[PDB]
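Enquirer: Have a look at the structure that comes next, please.
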Amino acid sequence: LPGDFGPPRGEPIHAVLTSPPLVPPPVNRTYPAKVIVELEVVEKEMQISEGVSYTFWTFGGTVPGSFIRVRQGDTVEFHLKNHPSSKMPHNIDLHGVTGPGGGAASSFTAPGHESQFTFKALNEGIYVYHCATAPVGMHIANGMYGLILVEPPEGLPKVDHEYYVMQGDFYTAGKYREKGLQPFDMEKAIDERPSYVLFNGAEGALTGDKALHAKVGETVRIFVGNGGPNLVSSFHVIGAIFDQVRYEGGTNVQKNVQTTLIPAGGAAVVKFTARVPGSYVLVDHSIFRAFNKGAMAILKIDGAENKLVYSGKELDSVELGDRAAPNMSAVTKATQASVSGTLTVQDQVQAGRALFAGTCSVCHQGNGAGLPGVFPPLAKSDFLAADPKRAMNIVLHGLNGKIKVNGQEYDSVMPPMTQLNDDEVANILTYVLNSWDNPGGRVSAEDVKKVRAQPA
Amino acid sequence: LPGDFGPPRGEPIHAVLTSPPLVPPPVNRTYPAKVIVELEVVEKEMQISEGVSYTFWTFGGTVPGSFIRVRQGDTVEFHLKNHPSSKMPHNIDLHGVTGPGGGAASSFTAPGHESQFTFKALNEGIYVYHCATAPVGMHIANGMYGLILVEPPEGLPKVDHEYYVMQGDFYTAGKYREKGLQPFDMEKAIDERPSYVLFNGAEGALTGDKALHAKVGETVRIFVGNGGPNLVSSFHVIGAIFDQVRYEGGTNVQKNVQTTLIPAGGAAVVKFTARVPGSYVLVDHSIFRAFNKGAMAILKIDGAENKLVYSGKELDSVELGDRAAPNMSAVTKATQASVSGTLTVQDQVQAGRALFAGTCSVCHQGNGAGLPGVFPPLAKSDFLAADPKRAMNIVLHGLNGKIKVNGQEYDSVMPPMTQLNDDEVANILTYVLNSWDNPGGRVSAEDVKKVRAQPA
Amino acid sequence: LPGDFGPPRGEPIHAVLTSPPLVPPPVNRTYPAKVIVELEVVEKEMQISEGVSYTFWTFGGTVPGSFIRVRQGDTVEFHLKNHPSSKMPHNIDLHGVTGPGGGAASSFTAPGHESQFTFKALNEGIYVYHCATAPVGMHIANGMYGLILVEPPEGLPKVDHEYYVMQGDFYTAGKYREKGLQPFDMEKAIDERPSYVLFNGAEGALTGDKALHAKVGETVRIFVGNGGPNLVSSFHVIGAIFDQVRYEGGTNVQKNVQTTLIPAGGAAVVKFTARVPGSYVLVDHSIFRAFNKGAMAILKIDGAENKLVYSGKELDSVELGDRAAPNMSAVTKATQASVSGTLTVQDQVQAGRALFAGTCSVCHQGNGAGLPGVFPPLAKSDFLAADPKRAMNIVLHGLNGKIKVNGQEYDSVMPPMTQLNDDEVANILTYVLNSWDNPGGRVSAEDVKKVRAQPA
Ligand code: HEC
Ligand code: HEC
Ligand code: HEC
Ligand SMILES: O=N[O-]
Ligand SMILES: O=N[O-]
Ligand SMILES: O=N[O-]
Ligand SMILES: [Cu+2]
Ligand SMILES: [Cu+2]
Ligand SMILES: [Cu+2]
Ligand SMILES: [Cu+2]
Ligand SMILES: [Cu+2]
Ligand SMILES: [Cu+2]
């Protein structure tokens, strides 16, 4: 058969699996081997967004699951353990496996059990693996997917960096950024109406202090999966071009494209050469996913400017919003303090500072100064101080028509921002009230809930 | 012009059209011909799912419509009849036709009439045809699509089997698996929110006893259409790889891929070589389509195991759910008995037996034994027998926390299953009650409707 | 670097930008230049459909924005002005730019300001540009996208015509064809549930008297963008085939395909050779977009028939519906008259005449004659005249079962048409009542609103 290089030789190899966004070393081998893969399913609560918990079902404790790297022609002895704390049974289907279910019917594993099966890796390429346990959609939606690379016999060309990025669509009972432990929502999942669309299992998984890194002149290979369960990614890099895009083990290689479609369950290898420094954004260019549901990752390039190629500046909160900053840990802290009943004004101020970036600063500026006669100030604002309840109604329901702020007329339009949750409005307004010589005090989530329930 | 090999020669040929999933023989001809195609539109009720009727609008009595096979350079004299029982007018647009509407304006046909037009098949490839009558979306949604193959002059390479598979999205007033004659739902169609996503016009059209067949070592070509009207298919084969994928008459051929995107209105030729026995699942890998809306088809391969390639087992209800079994004819029978007012306990038991597979057996086992201390038993269950109403509430609304069943503690989570219809819950629980030394009796759809309307 | 042909030579060039659907001339240059691009953002109300206003945000006063044409290796000095009448700040991200944000962070521009940045056009291809100002999705949804062509050094092959077509998804508070000034709807946008899907910013932007034109034997190149923000286009030409399809600056060229997937944010160059006369329809083959949300454009080919290739007729209202006619200006006029409180019967009759095409004429004929015993007449209809309120209920809610019209029995089905707005039903029925020896009078939108609120 194609990809059959005879029986395993050398010694059995225990596969080294890596957590996203890292990749195991190149196999660097000229002979087929028996490769033993041990992967454990863990069900666990993790933060899908700041102050938002979700019960993920994982291969190896992460979303996506542990990266597996083997060579075409290898005999793979696959061990699937299900942690005793699990409530559900699980299995695995690996794309690129030649056999019914890609392993599913020989990997069915109850909590506290282990299964094994063996396959020959006949098909070179990058492949999605996922759980295949009824109801399959629920298992994939909860995070049960990852990538397996089957290298060609001669290996992939050498690059400076290899990274592991996987998109998924997620379905919570609550709205986007609604705090608390969020249940899986079967109705949204069947309707293909996700609340979150993420790289690597969380908002901000690959932004700020968790960005991917390279230097000017270096090559970067990214193994890009789409776990779905339902969405097709218009996968794109802002401000750069892919030297190459190869899907699964396909013979076709596209070169010099910026935007590529990755099917649900699909995988691609992309290659990038870093030319000028700054932040390069990976997005799903179905744009509300990227900028309203979490589908943004950063590759930060360090090194010398080249003004002959690009004269301009690094991104900030205008483009990246509240993900320009290293993290939003203050939001997590304020949500934990609300639960404990120890929420301070300063907890709200720091959370609001984080959330004000982009969301409000695009028009009002990072210092609240606005732009005289165009965008009114929030700094030392008489209009704000005069009526904090009115300010709650402005954030939720918008504002238009002639107003006077700090002695100047404005005649413009502030769009409604109803998608902000009650805690987010409360924290942003508490931040503004405690900044820039404003009168202090605080707005509570309960205050905003009342205004939302009866607009002015 | 390209594809013009001069005037028709030989004798006029009456085209032999085939019903899905079969394909007409290769044209096996070295000269261009006059090919006469006769296709009749029939509007008729058929079962879209067990006990679920739908008024399909068809080309030739099937969804997809009759397969048409001609040679590049042929002169095609196309006759479209509209059966006198039809209520709507119809026409045809064939992709690959050079001319306005692909035939639409010269094929407009009232009930009881016939139209004809002639075209030269200049463009080799596989092409969708469909109705193009206002409102076009409603006509396509009701089933009016099929494939035309225009062979290259030398013919396609020989294979062991050729099959015809076409995806469609469907829009019923009722929910998925809600029984009765279901009207078309224009609102769901405009919103692109299908209730069913199917291969060949019905749930189970290509599963169980209707699976496609081949043997180890054989080649299979599948002509794959996407009628839409609205969805793009992440078309995938579980447990295998496509040797080749060619779209329409494109010059590009992708080789060695498992997952491919087929546009709405698009068509592809895929080729598969059978290597090891078992069930190979064709799916839309937008996974809730495949596992919650009907988008699964089976190619069953018979022949010798090859343990060096794959050591594992054939699929069962864990992966295929209630489509692992040859058919679900008991569901059809119980739905007909409910309508007639002759529904017996045994009718409910056999329907429930069919629906229990995967849906319940993944956790509770096919024999209801569960797994001591992990998944509680439904076999001889004291907890079930103690309160059948509570069991209805468990299926609809789920269960969590500590319980005692047959003297053993469980402390786990059963997800809600609200997407099951009242008749499905009633039949599954009647099956369980009449199995495994349980106390018998019955649950009615009306019993479940009351519990659904007021949870415990 | 690739695409670097040294410093600019010759004289600085002021780029000539074109409004859709036209393209600037080929650069026709053998040396790299300094190209100065001046583009102004304008926020303005325009008609998205007849009698439906929308506040678009534009690059250069149009949707899509002004077409930019440069040569690979050019140094581009990009000037972005924001008109003083603007309420929002804006910026630009050009795909194909090597640098963070594709220009976004160096083009941020308040109302009444100007920004500039310089880049080297290293990457040949066709590229989307768009606004990248928080909230990015809202800016793109309001129309802020266009195309930039970076020619290869030797230029593109010569063709007879070059056109500029760009798809977008739009999100109004009101339903499709609901009259008035329609606000942007953030909720529909986040849910990816557009009310309109358009080429070039309006229904009918490229139909009727605004169709694209060519002659038999000519070559046509179309630069096709997908601004999104959210949808992927199953981009298709009815009745023809693309000689070539190239995405962005990709090395891959597909040849001889009819249906291609364009990602959100993607762009392609397609080439068509005109073979036989008539209307060739560009659509998103996610068919409810094309036939229920506005996603249809026409290339009209003039010249000699070739009966050996295609024996049939030009399209009419069966396929193109109310877009077969040169325009629907009567709908705009009646909507303006309703607002002014000067709506005449004749205003309603002319609007209804426009809306009757396809919507009603597919079954009842353009002259209201129907087809004896199959489709009842609206011409001199006793049944219509007997009860105009019943006729309102028939349009909204459908009709089935045995009726008698003009002495003949019908036993058929007219589907409900609830998606028609109150003014559309009122105008269509006023047209019918004032035609074909019917009794005249008028139906008002308020009459239809009452019937819709309580069906018979
Ligand atoms: C531009 C798109 C804006 C964004 C984003 C936000 N605001 Fe705004 N705001 C904007 C305008 C043009 C106006 C004036 C409207 C008019 O009728 O002319 C406002 C007004 C306010 C006000 C009241 C006036 C003042 O005190 O300066 C407040 C309190 C306010 N805006 C707050 C605010 C916050 C907290 C934001 C993020 C959540 C925010 N705005 C975003 C323009 C824009
Ligand atoms: C795993 C994902 C399950 C599926 C699918 C179904 N059930 Fe279940 N069930 C499951 C658990 C873990 C439990 C115990 C929950 C706890 O609090 O620990 C249950 C419980 C029941 C019961 C009650 C107890 C008993 O009699 O054993 C019933 C009656 C029951 N389940 C029925 C049932 C049916 C009919 C199913 C398909 C429709 C079904 N379950 C699916 C786990 C899982
Ligand atoms: C075919 C798909 C139709 C379209 C589109 C429209 N109508 Fe219709 N109409 C149709 C049928 C088959 C029937 C008879 C139904 C039956 O029970 O047999 C009708 C009936 C009417 C009537 C009443 C009878 C008459 O006066 O002829 C009216 C007033 C009517 N239809 C109007 C009408 C209008 C205004 C339409 C566009 C908005 C329209 N119809 C579309 C079939 C079809
Ligand atoms: O390339 N911008 O999302
Ligand atoms: O390949 N699994 O759906
Ligand atoms: O090709 N028809 O939409
Ligand atoms: Cu699982
Ligand atoms: Cu899969
Ligand atoms: Cu039809
Ligand atoms: Cu079509
Ligand atoms: Cu903008
Ligand atoms: Cu972009």
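By order of appearance in the structure tokens: chains A, B, ..., then residues from 1 within every chain, and ligands from 1 in the order shown.
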Using only C-alpha atoms and all ligand atoms, I'd like a table of the residues in chain C that come within 12 Å of ligand 9; for each, show the closest atom pair and its distance in Å rounded to one decimal, ordered by chain and ascending number, as CSV.

Expert:
```
residue,atom,partner,partner_atom_place_in_ligand_line,distance
C:318,CA,ligand 9,1 (Cu),10.8
C:319,CA,ligand 9,1 (Cu),11.1
C:362,CA,ligand 9,1 (Cu),11.0
C:363,CA,ligand 9,1 (Cu),11.8
```

Enquirer: Selection from above, N, CA, C and O atoms, as a PDB file, in the first residue's frame, can you write it?

Expert:
```pdb
ATOM      1  N   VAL C 318     -39.866  35.062 -14.716  1.00  0.00           N
ATOM      2  CA  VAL C 318     -39.917  33.734 -14.044  1.00  0.00           C
ATOM      3  C   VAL C 318     -38.631  33.542 -13.241  1.00  0.00           C
ATOM      4  O   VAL C 318     -38.683  32.987 -12.122  1.00  0.00           O
ATOM      5  N   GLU C 319     -37.498  33.876 -13.826  1.00  0.00           N
ATOM      6  CA  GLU C 319     -36.181  33.671 -13.171  1.00  0.00           C
ATOM      7  C   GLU C 319     -35.762  34.919 -12.382  1.00  0.00           C
ATOM      8  O   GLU C 319     -35.244  34.780 -11.268  1.00  0.00           O
ATOM      9  N   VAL C 362     -45.646  34.533 -12.157  1.00  0.00           N
ATOM     10  CA  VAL C 362     -45.138  33.166 -12.445  1.00  0.00           C
ATOM     11  C   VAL C 362     -46.346  32.212 -12.572  1.00  0.00           C
ATOM     12  O   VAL C 362     -46.275  31.300 -13.418  1.00  0.00           O
ATOM     13  N   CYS C 363     -47.372  32.368 -11.749  1.00  0.00           N
ATOM     14  CA  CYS C 363     -48.591  31.513 -11.780  1.00  0.00           C
ATOM     15  C   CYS C 363     -49.755  32.190 -12.505  1.00  0.00           C
ATOM     16  O   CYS C 363     -50.424  31.530 -13.299  1.00  0.00           O
TER      17      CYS C 363
END
```

Enquirer: Within 6 Å of chain C, which residues belong to chain A? Use only C-alpha atoms and report them as a PDB file with C-alpha atoms, in the first residue's frame.

Expert:
```
ATOM      1  CA  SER A 234     -12.245  32.349   6.735  1.00  0.00           C
ATOM      2  CA  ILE A 238      -3.850  40.719   9.235  1.00  0.00           C
ATOM      3  CA  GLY A 239      -0.871  42.640   7.772  1.00  0.00           C
ATOM      4  CA  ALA A 240       0.947  39.643   6.239  1.00  0.00           C
ATOM      5  CA  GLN A 254      -1.455  27.329  -2.478  1.00  0.00           C
ATOM      6  CA  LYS A 255       1.248  30.037  -2.287  1.00  0.00           C
ATOM      7  CA  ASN A 256       0.976  33.803  -1.586  1.00  0.00           C
ATOM      8  CA  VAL A 257      -2.548  34.042  -0.105  1.00  0.00           C
ATOM      9  CA  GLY A 278       4.691  44.375  15.199  1.00  0.00           C
ATOM     10  CA  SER A 279       1.530  42.383  15.944  1.00  0.00           C
ATOM     11  CA  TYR A 280       0.121  40.106  13.192  1.00  0.00           C
ATOM     12  CA  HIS A 285     -12.511  36.937   8.769  1.00  0.00           C
ATOM     13  CA  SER A 286     -16.227  36.210   9.327  1.00  0.00           C
ATOM     14  CA  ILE A 287     -15.533  39.429  11.199  1.00  0.00           C
ATOM     15  CA  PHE A 288     -18.084  39.380  14.063  1.00  0.00           C
ATOM     16  CA  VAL A 309       8.320  48.457   3.388  1.00  0.00           C
ATOM     17  CA  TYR A 310       5.963  49.976   6.010  1.00  0.00           C
ATOM     18  CA  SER A 311       6.206  53.515   7.520  1.00  0.00           C
ATOM     19  CA  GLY A 312       3.497  52.995  10.164  1.00  0.00           C
ATOM     20  CA  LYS A 313       2.905  52.069  13.813  1.00  0.00           C
ATOM     21  CA  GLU A 314       2.156  48.999  15.973  1.00  0.00           C
ATOM     22  CA  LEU A 315      -1.494  48.109  16.686  1.00  0.00           C
ATOM     23  CA  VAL A 318      -8.398  50.881  18.221  1.00  0.00           C
ATOM     24  CA  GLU A 319      -7.871  47.536  16.415  1.00  0.00           C
ATOM     25  CA  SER A 412     -23.467  63.522  17.121  1.00  0.00           C
TER      26      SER A 412
END
```

Enquirer: Output the neighbourhood of ligand 2 as an MDAnalysis selection string, that is, all protein and nucleic acid residues with some atom at most 6 Å from the ligand, counting only C-alpha atoms and all ligand atoms.

Expert: (chainID A and resid 88) or (chainID B and resid 359:360 362:363 375:378 381 383:384 391 395 399:403 405 410:414 429)

Enquirer: Could the residues in this selection be written to a file with C-alpha atoms, as an mmCIF file, in the first residue's frame?

Expert:
```
data_model
loop_
_atom_site.group_PDB
_atom_site.id
_atom_site.type_symbol
_atom_site.label_atom_id
_atom_site.label_comp_id
_atom_site.auth_asym_id
_atom_site.auth_seq_id
_atom_site.Cartn_x
_atom_site.Cartn_y
_atom_site.Cartn_z
ATOM 1 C CA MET A 88 -19.048 10.645 30.423
ATOM 2 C CA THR B 359 -29.385 7.812 22.288
ATOM 3 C CA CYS B 360 -29.516 5.871 25.591
ATOM 4 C CA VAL B 362 -24.004 4.862 24.910
ATOM 5 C CA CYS B 363 -24.228 5.245 28.770
ATOM 6 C CA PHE B 375 -23.777 4.563 34.836
ATOM 7 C CA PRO B 376 -26.826 3.275 36.683
ATOM 8 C CA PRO B 377 -28.830 0.355 35.285
ATOM 9 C CA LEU B 378 -32.159 0.624 33.455
ATOM 10 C CA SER B 381 -34.196 -0.674 37.911
ATOM 11 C CA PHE B 383 -35.454 3.756 40.697
ATOM 12 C CA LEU B 384 -37.247 3.590 37.295
ATOM 13 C CA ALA B 391 -38.263 9.005 34.477
ATOM 14 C CA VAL B 395 -35.162 12.183 29.926
ATOM 15 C CA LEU B 399 -30.561 14.425 36.313
ATOM 16 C CA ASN B 400 -27.624 15.196 38.588
ATOM 17 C CA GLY B 401 -26.524 14.626 42.156
ATOM 18 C CA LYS B 402 -26.445 11.561 44.400
ATOM 19 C CA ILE B 403 -28.997 8.807 43.734
ATOM 20 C CA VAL B 405 -30.172 2.566 42.114
ATOM 21 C CA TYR B 410 -24.287 7.216 41.664
ATOM 22 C CA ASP B 411 -23.094 10.832 41.762
ATOM 23 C CA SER B 412 -22.972 11.886 38.130
ATOM 24 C CA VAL B 413 -24.768 13.890 35.427
ATOM 25 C CA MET B 414 -27.272 12.847 32.781
ATOM 26 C CA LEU B 429 -39.601 4.559 28.089
#
```

Enquirer: Which residues are near segment 385-388 of chain A? Cut-off 8 Å, only C-alpha atoms, ignore same chain within fewer than 3 positions. Put them as a PyMOL selection string.

Expert: chain A and resi 381-382+391-392+433+438-439

Enquirer: Hey, what does DSSP flag as strand (DSSP E or B) within segment 196-427 of chain A? Can you give it to me as a PyMOL selection string?

Expert: chain A and resi 196-199+212-215+219-228+233-238+242+244-247+254+257+259-262+267-273+278-284+296-302+310+371+375+399-405+408-414

Enquirer: Could the residues in this selection be saved with C-alpha atoms as a PDB file, in the first residue's frame?

Expert:
```
ATOM      1  CA  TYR A 196     -17.824  32.237  21.510  1.00  0.00           C
ATOM      2  CA  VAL A 197     -15.483  31.475  18.593  1.00  0.00           C
ATOM      3  CA  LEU A 198     -11.975  30.913  19.955  1.00  0.00           C
ATOM      4  CA  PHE A 199      -8.433  29.939  19.245  1.00  0.00           C
ATOM      5  CA  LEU A 212       3.168  33.808  19.801  1.00  0.00           C
ATOM      6  CA  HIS A 213       6.685  35.255  19.180  1.00  0.00           C
ATOM      7  CA  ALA A 214       9.232  35.402  16.324  1.00  0.00           C
ATOM      8  CA  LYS A 215      11.894  37.836  15.016  1.00  0.00           C
ATOM      9  CA  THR A 219      10.178  31.563   9.302  1.00  0.00           C
ATOM     10  CA  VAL A 220       7.096  30.433  11.211  1.00  0.00           C
ATOM     11  CA  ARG A 221       5.072  27.300  10.489  1.00  0.00           C
ATOM     12  CA  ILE A 222       1.610  27.130  12.097  1.00  0.00           C
ATOM     13  CA  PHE A 223      -0.421  23.913  12.267  1.00  0.00           C
ATOM     14  CA  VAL A 224      -3.972  25.333  12.080  1.00  0.00           C
ATOM     15  CA  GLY A 225      -6.965  23.159  12.982  1.00  0.00           C
ATOM     16  CA  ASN A 226     -10.674  23.820  12.880  1.00  0.00           C
ATOM     17  CA  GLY A 227     -12.358  21.608  15.471  1.00  0.00           C
ATOM     18  CA  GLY A 228     -15.735  23.150  14.731  1.00  0.00           C
ATOM     19  CA  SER A 233     -13.090  29.533   9.196  1.00  0.00           C
ATOM     20  CA  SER A 234     -12.245  32.349   6.735  1.00  0.00           C
ATOM     21  CA  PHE A 235      -8.751  32.023   8.215  1.00  0.00           C
ATOM     22  CA  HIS A 236      -6.664  35.175   7.709  1.00  0.00           C
ATOM     23  CA  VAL A 237      -3.489  36.934   8.878  1.00  0.00           C
ATOM     24  CA  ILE A 238      -3.850  40.719   9.235  1.00  0.00           C
ATOM     25  CA  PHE A 242       1.082  33.102   3.830  1.00  0.00           C
ATOM     26  CA  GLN A 244       2.289  28.467   1.604  1.00  0.00           C
ATOM     27  CA  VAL A 245      -1.008  26.845   2.665  1.00  0.00           C
ATOM     28  CA  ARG A 246      -1.392  23.050   2.503  1.00  0.00           C
ATOM     29  CA  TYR A 247      -4.595  21.257   3.563  1.00  0.00           C
ATOM     30  CA  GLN A 254      -1.455  27.329  -2.478  1.00  0.00           C
ATOM     31  CA  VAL A 257      -2.548  34.042  -0.105  1.00  0.00           C
ATOM     32  CA  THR A 259      -7.293  34.445   3.405  1.00  0.00           C
ATOM     33  CA  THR A 260      -8.098  30.693   3.258  1.00  0.00           C
ATOM     34  CA  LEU A 261     -11.210  28.652   4.032  1.00  0.00           C
ATOM     35  CA  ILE A 262     -10.728  25.825   6.548  1.00  0.00           C
ATOM     36  CA  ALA A 267      -6.566  21.283   9.160  1.00  0.00           C
ATOM     37  CA  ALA A 268      -3.847  23.204   7.273  1.00  0.00           C
ATOM     38  CA  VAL A 269      -0.140  23.943   7.533  1.00  0.00           C
ATOM     39  CA  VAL A 270       0.646  27.623   6.872  1.00  0.00           C
ATOM     40  CA  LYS A 271       4.102  29.255   6.551  1.00  0.00           C
ATOM     41  CA  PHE A 272       4.891  32.967   7.291  1.00  0.00           C
ATOM     42  CA  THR A 273       8.209  34.850   6.868  1.00  0.00           C
ATOM     43  CA  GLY A 278       4.691  44.375  15.199  1.00  0.00           C
ATOM     44  CA  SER A 279       1.530  42.383  15.944  1.00  0.00           C
ATOM     45  CA  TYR A 280       0.121  40.106  13.192  1.00  0.00           C
ATOM     46  CA  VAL A 281      -3.451  39.033  13.961  1.00  0.00           C
ATOM     47  CA  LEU A 282      -4.820  35.591  13.091  1.00  0.00           C
ATOM     48  CA  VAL A 283      -8.607  35.844  12.700  1.00  0.00           C
ATOM     49  CA  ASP A 284     -11.678  34.163  11.352  1.00  0.00           C
ATOM     50  CA  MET A 296      -8.251  36.543  17.426  1.00  0.00           C
ATOM     51  CA  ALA A 297      -4.670  35.376  18.061  1.00  0.00           C
ATOM     52  CA  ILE A 298      -1.423  37.380  17.851  1.00  0.00           C
ATOM     53  CA  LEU A 299       2.022  36.610  16.382  1.00  0.00           C
ATOM     54  CA  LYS A 300       4.312  39.365  17.780  1.00  0.00           C
ATOM     55  CA  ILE A 301       7.431  40.018  15.673  1.00  0.00           C
ATOM     56  CA  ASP A 302      10.425  41.744  17.307  1.00  0.00           C
ATOM     57  CA  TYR A 310       5.963  49.976   6.010  1.00  0.00           C
ATOM     58  CA  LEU A 371     -11.896  65.701  20.747  1.00  0.00           C
ATOM     59  CA  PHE A 375     -16.301  63.462  20.831  1.00  0.00           C
ATOM     60  CA  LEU A 399     -27.322  58.949  22.740  1.00  0.00           C
ATOM     61  CA  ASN A 400     -27.992  61.369  19.895  1.00  0.00           C
ATOM     62  CA  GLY A 401     -28.865  65.004  19.359  1.00  0.00           C
ATOM     63  CA  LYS A 402     -27.465  68.252  20.747  1.00  0.00           C
ATOM     64  CA  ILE A 403     -25.844  68.156  24.197  1.00  0.00           C
ATOM     65  CA  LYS A 404     -23.535  70.503  26.123  1.00  0.00           C
ATOM     66  CA  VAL A 405     -20.484  69.017  27.867  1.00  0.00           C
ATOM     67  CA  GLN A 408     -19.135  72.955  24.357  1.00  0.00           C
ATOM     68  CA  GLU A 409     -21.952  71.710  22.067  1.00  0.00           C
ATOM     69  CA  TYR A 410     -21.898  68.206  20.533  1.00  0.00           C
ATOM     70  CA  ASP A 411     -24.418  67.102  17.898  1.00  0.00           C
ATOM     71  CA  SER A 412     -23.467  63.522  17.121  1.00  0.00           C
ATOM     72  CA  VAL A 413     -24.408  59.874  17.711  1.00  0.00           C
ATOM     73  CA  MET A 414     -23.186  57.352  20.263  1.00  0.00           C
TER      74      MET A 414
END
```

Enquirer: When you look at residue 316 of chain C with a cut-off of 9 Å (counting only C-alpha atoms), what residues show up, excluding the ones that are within fewer than 5 positions of it in the same chain? I need them as an MDAnalysis selection string.

Expert: (chainID B and resid 105) or (chainID C and resid 321 323:325 358)

Enquirer: What lies within 9 Å of residue 188 of chain A using only C-alpha atoms, ignoring chain neighbours under 5 positions off, as an MDAnalysis selection string?

Expert: chainID A and resid 171:173 193:195

Enquirer: Produce a file of the selected residues containing N, CA and C atoms, as a compact mmCIF listing (two decimals), in the first residue's frame.

Expert:
```
# COMPACT_ATOMS: atom_id res chain seq x y z
N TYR A 171 -20.79 27.03 22.70
CA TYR A 171 -22.24 27.23 22.89
C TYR A 171 -22.57 27.25 24.39
N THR A 172 -22.67 28.44 24.96
CA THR A 172 -23.03 28.66 26.38
C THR A 172 -24.50 29.04 26.51
N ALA A 173 -25.11 28.69 27.63
CA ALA A 173 -26.49 29.12 27.93
C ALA A 173 -26.53 30.65 27.98
N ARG A 193 -25.32 28.67 16.27
CA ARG A 193 -25.33 30.08 16.76
C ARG A 193 -24.40 30.17 17.98
N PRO A 194 -23.07 30.12 17.77
CA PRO A 194 -22.15 30.11 18.90
C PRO A 194 -22.12 31.42 19.69
N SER A 195 -21.89 31.28 21.00
CA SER A 195 -21.65 32.48 21.84
C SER A 195 -20.18 32.90 21.77
```

Enquirer: Which residues are close to segment 29-46 of chain B, i.e. within 6 Å by only C-alpha atoms, leaving aside same-chain residues fewer than 6 positions away? Reply as number ranges by chain.

Expert: B: 8-9, 12-15, 53-61, 73-83, 86

Enquirer: In Å, how far is it from atom CA of residue 445 of chain B to atom CA of residue 422 of chain B?

Expert: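 Atom CA of residue 422 of chain B lies 4.8 Å from atom CA of residue 445 of chain B.
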
Enquirer: I'd like the contact shell of residue 146 of chain B - 8 Å cut-off, only C-alpha atoms, skipping same-chain residues fewer than 6 positions apart - returned as a list in words.

Expert: residues 59, 63, 64, 65, 66, 67, 128, 129, 130, 166, 225 and 227 of chain B

Enquirer: Residues as selected, C-alpha atoms, written as a tab-separated table (two decimals), in the first residue's frame, can you do that?

Expert:
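Contents of part37.tsv, freshly written:
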```tsv
chain	number	residue	atom	x	y	z
B	59	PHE	CA	-37.22	15.52	-11.18
B	63	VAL	CA	-34.44	13.46	-4.48
B	64	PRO	CA	-31.93	14.06	-5.94
B	65	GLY	CA	-33.46	13.79	-9.42
B	66	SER	CA	-32.54	11.33	-12.16
B	67	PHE	CA	-28.82	11.25	-13.07
B	128	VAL	CA	-25.80	20.49	-10.55
B	129	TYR	CA	-29.16	21.02	-12.29
B	130	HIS	CA	-32.16	22.49	-10.44
B	166	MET	CA	-26.41	14.61	-3.09
B	225	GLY	CA	-23.69	17.14	-5.35
B	227	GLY	CA	-28.24	21.02	-3.96
```
